[PDB]
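S.K.: Pasting input-v2.pdb below, which is PDB, C-alpha atoms.
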ATOM      1  CA  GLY A   1     131.959   4.276  92.596
ATOM      2  CA  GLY A   2     131.123   6.889  89.991
ATOM      3  CA  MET A   3     132.442  10.442  90.180
ATOM      4  CA  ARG A   4     131.436  13.897  91.387
ATOM      5  CA  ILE A   5     132.827  17.040  89.731
ATOM      6  CA  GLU A   6     132.748  20.807  90.139
ATOM      7  CA  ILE A   7     132.630  23.074  87.112
ATOM      8  CA  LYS A   8     133.630  26.694  87.672
ATOM      9  CA  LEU A   9     131.846  29.146  85.405
ATOM     10  CA  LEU A  10     132.934  32.617  84.352
ATOM     11  CA  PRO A  11     130.253  34.996  83.030
ATOM     12  CA  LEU A  12     131.319  36.896  79.923
ATOM     13  CA  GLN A  13     129.253  39.922  80.943
ATOM     14  CA  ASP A  14     129.531  41.736  84.289
ATOM     15  CA  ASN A  15     126.796  41.614  86.941
ATOM     16  CA  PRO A  16     124.533  39.683  84.542
ATOM     17  CA  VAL A  17     121.002  38.588  85.386
ATOM     18  CA  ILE A  18     120.130  34.999  84.508
ATOM     19  CA  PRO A  19     116.570  33.640  84.414
ATOM     20  CA  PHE A  20     115.478  31.435  87.330
ATOM     21  CA  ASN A  21     114.222  28.552  85.149
ATOM     22  CA  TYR A  22     117.303  27.420  83.210
ATOM     23  CA  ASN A  23     117.185  23.687  83.964
ATOM     24  CA  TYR A  24     116.109  22.369  80.569
ATOM     25  CA  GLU A  25     118.461  24.706  78.697
ATOM     26  CA  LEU A  26     121.425  23.706  80.888
ATOM     27  CA  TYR A  27     120.493  20.013  80.680
ATOM     28  CA  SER A  28     120.247  20.239  76.886
ATOM     29  CA  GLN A  29     123.690  21.801  76.497
ATOM     30  CA  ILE A  30     125.377  19.227  78.735
ATOM     31  CA  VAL A  31     123.750  16.381  76.789
ATOM     32  CA  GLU A  32     124.581  18.043  73.465
ATOM     33  CA  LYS A  33     128.231  18.477  74.473
ATOM     34  CA  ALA A  34     128.590  14.934  75.837
ATOM     35  CA  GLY A  35     126.861  13.370  72.850
ATOM     36  CA  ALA A  36     129.283  15.003  70.416
ATOM     37  CA  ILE A  37     132.070  12.906  71.927
ATOM     38  CA  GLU A  38     130.134   9.694  72.600
ATOM     39  CA  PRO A  39     126.661   9.399  70.988
ATOM     40  CA  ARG A  40     126.146   6.177  72.939
ATOM     41  CA  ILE A  41     125.664   7.849  76.331
ATOM     42  CA  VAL A  42     122.950  10.209  75.116
ATOM     43  CA  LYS A  43     120.334   7.527  75.822
ATOM     44  CA  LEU A  44     121.610   7.238  79.405
ATOM     45  CA  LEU A  45     121.735  11.005  79.827
ATOM     46  CA  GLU A  46     118.135  11.471  78.653
ATOM     47  CA  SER A  47     116.625   8.491  80.477
ATOM     48  CA  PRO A  48     113.971   9.439  83.060
ATOM     49  CA  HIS A  49     115.440   6.829  85.434
ATOM     50  CA  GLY A  50     118.197   9.287  86.303
ATOM     51  CA  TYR A  51     121.595   7.828  85.449
ATOM     52  CA  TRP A  52     123.106  11.063  86.752
ATOM     53  CA  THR A  53     122.279  14.370  88.413
ATOM     54  CA  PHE A  54     123.449  17.965  88.574
ATOM     55  CA  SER A  55     123.040  20.898  90.931
ATOM     56  CA  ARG A  56     121.521  24.307  90.475
ATOM     57  CA  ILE A  57     124.087  26.957  89.537
ATOM     58  CA  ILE A  58     125.686  27.843  92.891
ATOM     59  CA  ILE A  59     126.498  31.559  93.085
ATOM     60  CA  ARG A  60     128.477  32.806  96.108
ATOM     61  CA  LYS A  61     126.982  36.311  95.981
ATOM     62  CA  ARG A  62     123.593  36.729  94.317
ATOM     63  CA  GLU A  63     120.535  38.976  94.363
ATOM     64  CA  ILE A  64     117.003  37.863  93.504
ATOM     65  CA  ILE A  65     115.370  40.368  91.157
ATOM     66  CA  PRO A  66     111.606  39.645  91.143
ATOM     67  CA  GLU A  67     110.315  39.153  87.595
ATOM     68  CA  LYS A  68     113.831  39.167  86.131
ATOM     69  CA  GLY A  69     115.950  36.361  87.537
ATOM     70  CA  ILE A  70     119.140  35.964  89.543
ATOM     71  CA  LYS A  71     121.637  38.832  89.544
ATOM     72  CA  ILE A  72     125.205  37.527  89.717
ATOM     73  CA  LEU A  73     127.336  39.675  92.031
ATOM     74  CA  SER A  74     130.427  37.457  91.936
ATOM     75  CA  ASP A  75     132.726  35.465  89.648
ATOM     76  CA  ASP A  76     132.672  32.578  92.130
ATOM     77  CA  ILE A  77     130.116  30.370  90.371
ATOM     78  CA  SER A  78     129.954  26.579  90.445
ATOM     79  CA  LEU A  79     127.953  23.796  88.804
ATOM     80  CA  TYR A  80     128.227  20.323  90.342
ATOM     81  CA  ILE A  81     127.591  17.121  88.419
ATOM     82  CA  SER A  82     127.586  13.511  89.596
ATOM     83  CA  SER A  83     126.951   9.961  88.440
ATOM     84  CA  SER A  84     127.587   6.400  89.591
ATOM     85  CA  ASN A  85     128.756   5.752  86.023
ATOM     86  CA  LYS A  86     132.330   6.935  85.418
ATOM     87  CA  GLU A  87     131.763   6.592  81.669
ATOM     88  CA  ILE A  88     129.007   9.216  81.889
ATOM     89  CA  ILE A  89     131.248  11.602  83.794
ATOM     90  CA  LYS A  90     134.145  11.188  81.344
ATOM     91  CA  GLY A  91     131.783  11.797  78.443
ATOM     92  CA  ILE A  92     130.546  14.993  80.102
ATOM     93  CA  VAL A  93     134.012  16.218  81.122
ATOM     94  CA  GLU A  94     135.483  15.610  77.663
ATOM     95  CA  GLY A  95     132.419  17.077  75.994
ATOM     96  CA  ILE A  96     132.743  20.256  78.049
ATOM     97  CA  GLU A  97     136.513  20.496  77.583
ATOM     98  CA  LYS A  98     135.919  20.485  73.818
ATOM     99  CA  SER A  99     132.992  22.931  73.937
ATOM    100  CA  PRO A 100     133.517  25.071  77.115
ATOM    101  CA  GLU A 101     130.739  27.622  76.544
ATOM    102  CA  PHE A 102     127.293  27.670  78.157
ATOM    103  CA  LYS A 103     124.315  29.894  77.396
ATOM    104  CA  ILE A 104     121.793  30.577  80.170
ATOM    105  CA  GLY A 105     119.072  32.876  78.896
ATOM    106  CA  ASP A 106     120.934  35.822  77.373
ATOM    107  CA  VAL A 107     123.993  35.293  79.560
ATOM    108  CA  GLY A 108     127.060  33.493  78.257
ATOM    109  CA  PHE A 109     129.534  31.605  80.440
ATOM    110  CA  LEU A 110     132.999  30.174  79.902
ATOM    111  CA  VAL A 111     134.014  27.048  81.810
ATOM    112  CA  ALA A 112     136.922  28.273  83.931
ATOM    113  CA  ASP A 113     137.853  24.961  85.532
ATOM    114  CA  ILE A 114     136.734  21.368  86.092
ATOM    115  CA  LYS A 115     137.759  19.643  89.324
ATOM    116  CA  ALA A 116     136.966  16.167  90.620
ATOM    117  CA  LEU A 117     135.624  16.265  94.174
ATOM    118  CA  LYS A 118     136.376  13.698  96.847
ATOM    119  CA  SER A 119     133.533  11.202  97.129
ATOM    120  CA  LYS A 120     132.860  10.961 100.863
ATOM    121  CA  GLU A 121     132.162   7.661 102.607
ATOM    122  CA  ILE A 122     128.490   6.721 102.749
ATOM    123  CA  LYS A 123     127.250   5.016 105.912
ATOM    124  CA  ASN A 124     123.918   3.695 107.185
ATOM    125  CA  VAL A 125     123.340   7.096 108.733
ATOM    126  CA  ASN A 126     124.122  10.295 106.819
ATOM    127  CA  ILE A 127     123.163  13.949 106.905
ATOM    128  CA  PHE A 128     122.432  15.136 103.359
ATOM    129  CA  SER A 129     121.989  18.681 102.074
ATOM    130  CA  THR A 130     120.487  19.495  98.669
ATOM    131  CA  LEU A 131     122.504  21.103  95.874
ATOM    132  CA  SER A 132     119.371  20.878  93.673
ATOM    133  CA  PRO A 133     115.711  20.344  94.795
ATOM    134  CA  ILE A 134     114.453  16.847  95.562
ATOM    135  CA  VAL A 135     111.375  15.899  93.535
ATOM    136  CA  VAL A 136     108.977  13.171  94.678
ATOM    137  CA  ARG A 137     105.633  12.748  92.952
ATOM    138  CA  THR A 138     102.449  10.708  93.035
ATOM    139  CA  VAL A 139      99.372  10.479  90.806
ATOM    140  CA  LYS A 140      96.231  12.488  91.573
ATOM    141  CA  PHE A 141      92.950  13.154  89.747
ATOM    142  CA  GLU A 142      92.623  16.003  87.236
ATOM    143  CA  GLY A 143      89.737  15.731  84.794
ATOM    144  CA  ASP A 144      90.011  13.078  82.092
ATOM    145  CA  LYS A 145      93.741  12.588  82.659
ATOM    146  CA  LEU A 146      96.193  11.588  85.381
ATOM    147  CA  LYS A 147      98.158  14.586  86.599
ATOM    148  CA  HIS A 148     101.400  14.363  88.552
ATOM    149  CA  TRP A 149     101.334  15.756  92.063
ATOM    150  CA  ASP A 150     104.577  16.990  93.641
ATOM    151  CA  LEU A 151     105.078  15.995  97.270
ATOM    152  CA  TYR A 152     107.084  17.524 100.130
ATOM    153  CA  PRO A 153     108.627  15.911 103.256
ATOM    154  CA  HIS A 154     105.590  16.890 105.345
ATOM    155  CA  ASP A 155     103.270  14.884 103.071
ATOM    156  CA  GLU A 156     102.164  11.476 104.383
ATOM    157  CA  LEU A 157     102.994   9.790 101.061
ATOM    158  CA  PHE A 158     106.420  11.446 100.646
ATOM    159  CA  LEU A 159     108.553   8.761 102.290
ATOM    160  CA  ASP A 160     106.799   5.784 100.681
ATOM    161  CA  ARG A 161     106.900   7.511  97.302
ATOM    162  CA  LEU A 162     110.607   8.342  97.712
ATOM    163  CA  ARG A 163     111.294   4.739  98.726
ATOM    164  CA  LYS A 164     109.554   3.336  95.642
ATOM    165  CA  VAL A 165     111.228   5.799  93.297
ATOM    166  CA  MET A 166     114.700   4.952  94.619
ATOM    167  CA  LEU A 167     114.080   1.193  94.294
ATOM    168  CA  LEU A 168     112.805   1.577  90.715
ATOM    169  CA  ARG A 169     115.705   3.804  89.632
ATOM    170  CA  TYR A 170     118.233   1.524  91.365
ATOM    171  CA  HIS A 171     116.889  -1.526  89.516
ATOM    172  CA  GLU A 172     117.031   0.196  86.141
ATOM    173  CA  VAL A 173     120.423   1.866  86.638
ATOM    174  CA  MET A 174     122.264  -0.781  88.688
ATOM    175  CA  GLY A 175     120.616  -3.766  87.005
ATOM    176  CA  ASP A 176     118.862  -5.288  90.008
ATOM    177  CA  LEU A 177     117.158  -4.352  93.267
ATOM    178  CA  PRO A 178     119.432  -3.553  96.239
ATOM    179  CA  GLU A 179     119.798  -6.223  98.918
ATOM    180  CA  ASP A 180     118.704  -3.767 101.607
ATOM    181  CA  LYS A 181     115.624  -1.867 100.428
ATOM    182  CA  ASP A 182     114.726  -0.029 103.627
ATOM    183  CA  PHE A 183     115.424   3.492 104.875
ATOM    184  CA  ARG A 184     113.855   6.443 106.663
ATOM    185  CA  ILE A 185     114.632  10.148 106.909
ATOM    186  CA  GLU A 186     114.230  12.907 109.447
ATOM    187  CA  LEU A 187     113.804  16.477 108.242
ATOM    188  CA  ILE A 188     116.238  19.019 109.654
ATOM    189  CA  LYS A 189     115.681  22.033 107.368
ATOM    190  CA  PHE A 190     113.132  22.657 104.612
ATOM    191  CA  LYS A 191     111.985  25.192 102.019
ATOM    192  CA  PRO A 192     109.709  24.519  99.003
ATOM    193  CA  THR A 193     110.724  25.471  95.484
ATOM    194  CA  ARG A 194     109.044  25.854  92.108
ATOM    195  CA  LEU A 195     110.844  25.729  88.774
ATOM    196  CA  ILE A 196     109.749  25.671  85.162
ATOM    197  CA  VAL A 197     111.439  22.753  83.427
ATOM    198  CA  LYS A 198     110.988  23.170  79.687
ATOM    199  CA  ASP A 199     107.210  23.695  79.644
ATOM    200  CA  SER A 200     105.963  22.613  83.075
ATOM    201  CA  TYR A 201     106.403  23.594  86.710
ATOM    202  CA  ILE A 202     108.205  21.082  88.888
ATOM    203  CA  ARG A 203     107.911  21.568  92.633
ATOM    204  CA  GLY A 204     110.534  20.152  94.949
ATOM    205  CA  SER A 205     112.272  20.552  98.270
ATOM    206  CA  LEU A 206     115.555  22.221  99.141
ATOM    207  CA  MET A 207     116.359  20.346 102.326
ATOM    208  CA  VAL A 208     118.755  19.040 104.932
ATOM    209  CA  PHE A 209     117.807  15.620 106.256
ATOM    210  CA  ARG A 210     119.295  12.762 108.213
ATOM    211  CA  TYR A 211     119.093   9.446 106.337
ATOM    212  CA  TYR A 212     118.831   6.109 108.203
ATOM    213  CA  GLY A 213     119.121   2.737 106.515
ATOM    214  CA  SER A 214     120.243   1.016 103.345
ATOM    215  CA  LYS A 215     123.801   1.943 102.435
ATOM    216  CA  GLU A 216     123.227   0.848  98.811
ATOM    217  CA  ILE A 217     120.356   3.309  98.419
ATOM    218  CA  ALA A 218     122.183   6.106 100.243
ATOM    219  CA  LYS A 219     125.158   5.658  97.910
ATOM    220  CA  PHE A 220     122.873   5.574  94.868
ATOM    221  CA  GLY A 221     121.142   8.795  95.928
ATOM    222  CA  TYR A 222     124.464  10.445  96.704
ATOM    223  CA  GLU A 223     125.878   9.564  93.286
ATOM    224  CA  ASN A 224     122.743   9.832  91.110
ATOM    225  CA  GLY A 225     120.541  12.147  93.160
ATOM    226  CA  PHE A 226     117.521  11.480  95.402
ATOM    227  CA  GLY A 227     114.041  11.437  93.933
ATOM    228  CA  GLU A 228     112.864  11.935  90.361
ATOM    229  CA  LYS A 229     113.903  14.035  87.364
ATOM    230  CA  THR A 230     117.517  13.920  88.547
ATOM    231  CA  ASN A 231     118.918  14.084  85.000
ATOM    232  CA  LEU A 232     117.102  17.405  84.560
ATOM    233  CA  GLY A 233     119.127  18.855  87.420
ATOM    234  CA  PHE A 234     117.336  17.687  90.563
ATOM    235  CA  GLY A 235     117.943  15.760  93.762
ATOM    236  CA  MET A 236     121.687  16.244  94.024
ATOM    237  CA  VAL A 237     122.990  16.274  97.583
ATOM    238  CA  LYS A 238     126.242  16.711  99.485
ATOM    239  CA  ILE A 239     127.264  15.211 102.825
ATOM    240  CA  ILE A 240     127.625  17.400 105.914
ATOM    241  CA  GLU A 241     129.311  16.370 109.166
ATOM    242  CA  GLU A 242     126.701  18.173 111.284
ATOM    243  CA  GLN A 243     124.133  20.778 110.234
TER     244      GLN A 243
END
For the structure just supplied, provide its representation as structure tokens.
M.R.:
Amino acid sequence: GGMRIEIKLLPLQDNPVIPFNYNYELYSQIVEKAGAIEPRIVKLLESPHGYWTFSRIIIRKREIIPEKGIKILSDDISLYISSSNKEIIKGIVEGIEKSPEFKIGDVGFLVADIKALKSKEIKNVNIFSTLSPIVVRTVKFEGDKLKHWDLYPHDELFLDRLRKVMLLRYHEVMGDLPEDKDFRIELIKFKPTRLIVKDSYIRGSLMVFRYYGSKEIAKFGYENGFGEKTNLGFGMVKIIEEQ
């Protein structure tokens, strides 16, 4: 069943401005903290198959400062993390309880609280909303090397690519392919995003979509994120009753 948690963050400085592209730095700290308590889950945490996922830092009141970052205008800040593997979550929770400080750019944060969220029931039909951008890629030509091409819901290959990615990740993480491998989605809301992850741009979709199909895959995406690069802080979604 895995677990989903909410981490409340308290900035040490007032009205700080954090950079927009903090994914790799945040990812690194979580892995570093979890590894200190259980070196054996580091391999799972760093695997590109996405054994877990995390959201973007959710700030209740923010202001986008072009060419500077995100200006925090509130102490109500949350970071959500999820995984189908309870052992991963316990490693992360314990790791953070022991080392409660996070550095995002030049802004420091203190973990103010860690709460387990209720894992909602997953059905054959669900309305999902992104907490972090969904990344779905394909391979396109670029000189003498294969370059990854980021897709969006309006792209013809999006759905088939998403389907393949989910099946591949499910096999690696769960151990075998899901009995029901089929699903479709219908876009409700959409906005493209671009983020630098370590040294490269990763383009994804912030979106609200209705999912139809395989319950096994819906549950997997809900717990481990939809799409690719989930362990780097992508593809996390929440369930909404109607929106």
S.K.: Hey, what's within 8 Å of residue 126 of chain A if we count all atoms listed in the file and toss same-chain stuff fewer than 4 positions away? As a list in words, please?
M.R.: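 Counting all atoms listed in the file, the residues come to residues 122, 210, 211, 212, 239 and 240 of chain A.
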S.K.: Apply the PyMOL selection byres ((chain A and resi 27) around 12) to the displayed file and report the matching residues as a PyMOL selection string.
M.R.: chain A and resi 21-26+28-34+42+45-46+52-57+79+81+92+102-104+197-198+229-234
S.K.: Neighbours of segment 155-163 of chain A within 12 Å (all atoms listed in the file; same-chain residues fewer than 2 positions away dropped), as an MDAnalysis selection string?
M.R.: chainID A and resid 134:140 149:153 165:170 178 180:187 204:205 211 213:214 217:218 221 225:228 235
S.K.: Name the residues that the PyMOL selection byres ((chain A and resi 38) around 10) pulls out of this structure, and write them as number ranges by chain.
M.R.: A: 33-37, 39-42, 87-88, 90-92, 94-95
S.K.: What does the structure give for the distance between atom CA of residue 89 of chain A and atom CA of residue 206 of chain A, in Å to one decimal?
M.R.: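 Calculated distance between atom CA of residue 89 of chain A and atom CA of residue 206 of chain A is 24.4 Å.
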